[PDB]
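Only heavy atoms go into these numbers, but all of them, side chains included; no hydrogens, no water, no symmetry mates. Lettering follows sequence order; numbering is per chain, from 1. Atoms within each ligand, like the ligands themselves, are counted from 1 in listed order.
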Amino acid sequence: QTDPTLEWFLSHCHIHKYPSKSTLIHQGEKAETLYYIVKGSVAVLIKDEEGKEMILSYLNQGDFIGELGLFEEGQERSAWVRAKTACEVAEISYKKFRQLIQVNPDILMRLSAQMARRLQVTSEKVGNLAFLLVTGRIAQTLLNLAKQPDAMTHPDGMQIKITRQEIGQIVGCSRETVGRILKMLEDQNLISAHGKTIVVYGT
Amino acid sequence: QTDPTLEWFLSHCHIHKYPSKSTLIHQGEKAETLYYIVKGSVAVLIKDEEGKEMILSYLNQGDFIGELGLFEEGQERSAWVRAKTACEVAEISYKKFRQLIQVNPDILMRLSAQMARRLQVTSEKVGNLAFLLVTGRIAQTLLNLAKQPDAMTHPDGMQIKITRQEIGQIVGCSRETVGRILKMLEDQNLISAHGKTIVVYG
Ligand code: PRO
Ligand code: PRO
């Protein structure tokens, strides 16, 4: 079971290998290139006002990078992209990709499908104004605990001792809701959680 | 002022009119369509825990519905779609649309642009801890104002009066951070903003 459409597309791309931690795309770069991840994983990241790194999302094999620029012709990169693992990345100009689409739209279907599957996950994960309020209070709770005397110093920030159940009691939501928000914050490079302890970054 | 490709796409569609509040796509519908709003607006809804109505998207003229199922045909989700206003919606089978894509990929491009903009909106929610707290305090401030006696009844919820500087001064953040948060809240379909006037939904 070969993939004729993919290898056709790939022959039109410049394929380069990036060691882990190397930067593929810099913030502010003119967006004129579409990327396809042949192998490996990347992190899409932005910075704080104090220059601390936050992860918008991870992109894996089969994902494209820079799809928005293909349609919106502004256009400067909003995010750095850095190799999470050693990766192989295919590169094509927007101009070349637009002519290929005309000839074989299956490759547009490929690009569209992987966006759609990424949209699906959050089709679920929603939350209203209340959930956003709860999120604020959880952050408040974590920030305040990291400031208190009984917080332990950690290479990545300040370590605090609190369960998800206790956060939920304070903030007025279920421990399941806390789990989801904590997992989100950990995915985003804002905290780490292990056992009953949480490391709040930057503090 | 002519869009021949759209006319071509629409000639392959069945166009239906829906009065406001009427359902377009029911819960658990096996996904095989592909909708295009010709006129008006719709709401995408889900029930939360216990069973209260919640908005996933407000979609307007030129927007697609059912575009995620195009790449996952047969999909059943718990969401449903309702007419916000009187609307006119073109529908087409995924099967037929796939035949059209080979001829002219332009409609798939418009659909994909919508999906790409949505991924970008989702990215703008991130999100440091201080930021998330400020966001919650801003939401809190708007929500409490909508509960006050001097709030006005609006079809979409409660209409309140407050400036961006007033919000910033109260909460303790820059005017730039207030703009960023209100925009985020509007993109999340939680409020609408028009000058001093803010409508808090629900
Ligand atoms: O379940 C509901 O609430 C909506 C009402 C119309 C059809 N589905
Ligand atoms: O160019 C195309 O592919 C179709 C033909 C008629 C309208 N647009």
Engineer: Using a strict 4.0 Å cut-off to heavy atoms of B/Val103, name the atoms of ligand 2 that fall inside it.
Structural biologist: 3 (O)
Engineer: State the atoms of ligand 1, each with its element, that fall below the 4.0 Å cut-off from a heavy-atom position in B/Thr23.
Structural biologist: 6 (C), 7 (C)
Engineer: How close does the nearest protein non-hydrogen atom get to atom 8 (N) of ligand 1, and which residue and atom is it?
Structural biologist: B/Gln27 NE2, 3.9 Å
Engineer: In terms of residue, atom name and distance, what is the protein heavy atom nearest to atom 4 (C) of ligand 2?
Structural biologist: B/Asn104 ND2, 4.0 Å
Engineer: Just by distance, do the side chain of B/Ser112 and the backbone of B/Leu108 share a donor-acceptor pair under 3.5 Å?
Structural biologist: yes
Engineer: Verify the distance criterion only: is there a donor paired with an acceptor across the side chains of A/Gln114 and A/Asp63 at less than 3.5 Å?
Structural biologist: yes
Engineer: Give a yes/no on ligand 1: does B/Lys47 have at least one heavy atom closer than 4.0 angstrom to it?
Structural biologist: yes
Engineer: Could you check whether A/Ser20 and A/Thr85, counting side-chain N and O atoms only, form a donor-acceptor pair closer than 3.5 Å?
Structural biologist: no
Engineer: For a side chain to side chain contact (heavy atoms under 4.5 Å, CB included) with B/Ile191, tell me which candidate from B/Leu182, B/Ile160, B/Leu143 qualifies.
Structural biologist: B/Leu182
Engineer: Relative to the heavy atoms of B/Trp80, which atoms of ligand 1 are at a distance of less than 4.0 Å?
Structural biologist: 3 (O), 4 (C)
Engineer: Taking atom types as modelled, find out whether B/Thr197 and B/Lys161 have a side-chain donor-acceptor pair closer than 3.5 angstrom.
Structural biologist: yes
Engineer: How about atom 2 (C) of ligand 1: does it have a protein heavy atom within less than 4.0 Å?
Structural biologist: yes
Engineer: When the ring planes of B/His12 and B/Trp8 are compared, do they come out parallel, tilted or perpendicular, using 30° and 60° as the limits?
Structural biologist: perpendicular
